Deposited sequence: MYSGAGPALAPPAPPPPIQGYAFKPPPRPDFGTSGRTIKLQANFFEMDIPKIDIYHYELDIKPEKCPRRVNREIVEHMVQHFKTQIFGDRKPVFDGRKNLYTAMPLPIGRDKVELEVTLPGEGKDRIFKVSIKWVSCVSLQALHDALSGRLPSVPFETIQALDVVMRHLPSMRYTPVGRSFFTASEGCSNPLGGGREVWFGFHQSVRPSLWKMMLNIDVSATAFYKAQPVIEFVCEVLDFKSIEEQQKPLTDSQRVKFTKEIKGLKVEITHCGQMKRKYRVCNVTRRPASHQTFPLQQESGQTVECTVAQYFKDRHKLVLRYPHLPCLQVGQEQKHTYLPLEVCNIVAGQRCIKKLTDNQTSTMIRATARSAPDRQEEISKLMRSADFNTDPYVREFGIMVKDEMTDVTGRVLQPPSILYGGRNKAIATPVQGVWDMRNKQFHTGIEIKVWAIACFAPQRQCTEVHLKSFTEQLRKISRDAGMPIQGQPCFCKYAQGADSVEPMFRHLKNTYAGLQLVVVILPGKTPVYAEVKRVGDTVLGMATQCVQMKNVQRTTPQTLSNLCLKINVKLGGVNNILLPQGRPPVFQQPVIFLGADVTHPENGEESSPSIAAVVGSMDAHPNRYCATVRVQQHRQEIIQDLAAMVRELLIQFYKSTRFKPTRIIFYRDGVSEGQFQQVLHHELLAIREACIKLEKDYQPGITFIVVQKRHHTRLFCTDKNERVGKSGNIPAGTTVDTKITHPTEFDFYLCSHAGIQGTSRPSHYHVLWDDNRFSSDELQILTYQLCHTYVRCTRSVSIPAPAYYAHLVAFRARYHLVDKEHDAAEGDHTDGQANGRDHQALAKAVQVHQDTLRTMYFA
């Protein structure tokens, strides 16, 4: 239950010079002093806690603190660069915030030794977190009051004009900051950042932007049920201010303000029902302009605190955690994507303006931050060859993380003779003209790809509505012999997609392939090729395999590769559960992957039923190959902070699945966490190594020195080619390894596994198993109908046994 040490340093691949957004920190020798701060009441937010501690330090300057500049992490912890004149006992005093007052006790609580961290960085020892957290607090104290903190990032509306996304949302620009340990030194990781916030505006205007109103006067009428529930879902949980006191919106009343009532006790003591409108006429002398609109129920969901919309504004600086519309993300993408050189410059600018060496609290603790990016030597791993089949078994060589299928044919292409078309797009748009020509050009590329689709579609008729899918599909399977695949047309976003997969994947076992209307009216060879990549594996074929003799040693004895991830409800609602997914390789290529899915507790990241899921996959492996794996390689999607709560349940769960399968069956387990959500960015030092318009590092770039863990087994690997914006290099952390991998073999194996993703002829940013796991879980979300007990939910995500033996999630 302890991460293994780094076994060695990789030597494979050609070196290139890199720079990381990790800035060396010169940490003094001292023993800083940590004091505990309890604040009555303990409920107010960190922001208030900071101003409480701020004015306290000025109020008790000559009394307690002196010429010092302590740092405060919000919450209950305060630090100083030399002892405070309180010794050890618990002092108590009073804080008056510009009227309310707060009580604060300050008692010394042990002493954080910085010289001890030095030793842990110089090989000896693990690393103590209490000293890393102490440093983090020091570096964050000033930004915490100077800007709006969000996790480990800092944001502000310091102009930048306004970047709207619509629907009462806008993009703010800030920066991430974190203190990270490495070999022989501490690192300050700095990166530019951007996230969506709610526009601070009158709620009235917020209602307009959410339902597309040029102005509120558009609706002289009350809201319909759809508008009210759409508006409710948008404002639920947001904070508002009165026209200042702020509340939290827990609901939107059904009745308008002119009729919504609350109990009001009269001077006599008898309670009478009073309307929100009347109360605001009598108590505040304000005649509501929009009495036909609903009210905002705030505070406790029973205090009957109702506020008219026209006397409320959205509070400034609320991160939008709800899901963004497709159009909103595109605008965010286009507005935040920067090429590697641009982003590198933006980070340099951040360093200049930040001016850490002149921050009073930072220099109070004697810390220096090198203004230049750390120099790092990376290694560009050689890519694997991709063995194709057909006539001449062409061998593709990835170039810059990319290859094509030209003059190449699938390894095991499938001959598809009988098939159908189910067009839900209006004929007058997708006329019979488009259908045929689409099929014709779709047979040409199919022939060229080694997946010949002979003959014409045995059946091709129109349809409309999500209710016509179940019966039509029933008619399809029972009526056509050897029906392999059903192509479906869709006119943009439609709930018919869910029913098509929910039916094709679960209630029957017929592979389906959906395609948007526009991709049929205007065919394209490369779009058709990518489409053929998917159906070939959906029907059991093998698009390609790694060049077998190019594989690393691990493939000697039988081995199974697993990927695991948990998808959560897209946004805030606890009536829908989280979905766990685990996939496993079923051959030695490795190409085919069998999937397992589990519905579990809402927003639970731990895979609760992992033991059973691994059991399933081990059995399916044995049936597919007649072998029992001697090694289990487990690629687990990144985790918050919870490594050991993940390493404890999930590692034991995997081991429990081997020994409940068969006493004395003990395969070596390798547990690797794969993380994309970090702010480590690598840049080419030499202009000549830049790749593409975005000038990113090349696919295969690997780093396991200088910026990696001082003792444990972790490394970065940018397996993919950056198309738009700056590449995110995947981080891999080996939590457990019974198999005693070398650095090189593990990095190469990880890299090669990124070349087995069947949906594209490119190296992907994470190994295929971890990627498939995400596709499975996401596919389980479409198994969810409205047009909910645990057993009923878990039954919907159960896949038809015929489709199970394929990669239906592709």
Walk along the deposited sequence from position 1 and note every stretch that has no C-alpha coordinates.
1 to 22, 121 to 124, 152, 271 to 275, 673, 821 to 836
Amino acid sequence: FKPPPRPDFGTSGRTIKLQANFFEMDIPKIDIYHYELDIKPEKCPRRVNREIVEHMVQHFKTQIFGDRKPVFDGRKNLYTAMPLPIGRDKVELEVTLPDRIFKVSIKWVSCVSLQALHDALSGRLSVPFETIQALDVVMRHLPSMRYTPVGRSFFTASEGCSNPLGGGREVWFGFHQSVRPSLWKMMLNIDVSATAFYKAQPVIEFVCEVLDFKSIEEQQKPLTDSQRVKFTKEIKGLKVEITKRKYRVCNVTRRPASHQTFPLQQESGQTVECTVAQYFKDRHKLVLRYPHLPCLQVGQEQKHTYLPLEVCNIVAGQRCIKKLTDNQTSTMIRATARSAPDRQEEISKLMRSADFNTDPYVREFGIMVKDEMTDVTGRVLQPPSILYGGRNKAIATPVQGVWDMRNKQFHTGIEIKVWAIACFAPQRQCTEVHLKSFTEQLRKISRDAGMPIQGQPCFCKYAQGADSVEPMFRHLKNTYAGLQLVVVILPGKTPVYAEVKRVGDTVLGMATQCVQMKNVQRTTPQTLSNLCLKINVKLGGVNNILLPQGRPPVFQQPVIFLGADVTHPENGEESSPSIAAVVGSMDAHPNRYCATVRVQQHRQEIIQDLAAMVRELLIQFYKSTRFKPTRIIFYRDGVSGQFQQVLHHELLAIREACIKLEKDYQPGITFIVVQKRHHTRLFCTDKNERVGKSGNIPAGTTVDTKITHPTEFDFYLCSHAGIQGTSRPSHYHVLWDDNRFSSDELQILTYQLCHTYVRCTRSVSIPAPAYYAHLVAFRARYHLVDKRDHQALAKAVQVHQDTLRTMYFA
From here on, numbers count along this sequence of modelled residues.
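Note that the rigid core is defined as the largest set of C-alphas that superpose within 1.5 Å between two forms.
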Which stretch is more displaced from the shown form in 6 other deposited structures of this protein, 309 to 317 or 477 to 485, with RMS over structures and residues of Cα positions after a rigid core fit?
309 to 317
So if we fit everything on the core, which stretch drifts more in 6 other deposited structures of this protein, 725 to 733 or 276 to 284, C-alphas only?
276 to 284
Could you find out if residue 98 - modelled in this structure - is missing from at least a third of the other PDB entries compared that contain residues on either side?
yes
Residue 245 not built in a third or more of the other entries
yes
Per the entry, higher mean C-alpha B factor between 111 to 119 and 380 to 388
111 to 119
Once you work out the mean C-alpha B-factor for both 341 to 349 and 539 to 547 from the entry, which is higher?
539 to 547
Please pick out which of 717, 161, 654, 138 has the largest Cα B-factor as recorded in the entry.
161
So among 192, 95, 658, 669, who wins on Cα B-factor in the entry?
95
Relative to the other modelled residues in the chain, which third contains the C-alpha temperature factor of residue 70: lowest, middle or highest?
middle
Assigned third (lowest, middle, highest) for the C-alpha B factor of residue 692
lowest
So, residue 262's CA B-factor, relative to its chain, sits in which third? The middle
Residue 126 by Cα B-factor - lowest, middle or highest third of the modelled chain:
highest
Quick check for you: using the entry's CA B-factors within this chain, is residue 427 in the lowest, middle or highest third?
highest
